[PDB]
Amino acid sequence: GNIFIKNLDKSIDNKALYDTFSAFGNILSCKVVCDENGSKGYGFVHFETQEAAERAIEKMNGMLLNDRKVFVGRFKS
């Protein structure tokens, strides 16, 4: 159950990403990808289950998160 999240507002850090996505399922790992300029505006969440991943896509893809609409889909780790 892995998802990508793109068009993440750059104020979203790891703890915030977890807080939002932990509603959907058991999060084993998550991260906001960063570089020397901070957040790269995308992130990944690893759910324990596939069902959780699909709930997250159903509920969050195309939805506002802070000041941007995010793109959420399945990723192969």
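We number the residues from 1 along the sequence you see.
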| query | finding |
| --- | --- |
| CA B-factor placement of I57, once the chain's modelled residues are sorted into thirds | lowest |
| Ranked C-alpha temperature factor of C34 among modelled chain residues, by third | middle |
| Assigned third (lowest, middle, highest) for the C-alpha B factor of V45 | lowest |
| Chain third (lowest, middle, highest) by recorded CA B-factor, residue given as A23 | middle |
| Third of the chain's Cα B-factor distribution that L65 belongs to, per the entry | highest |
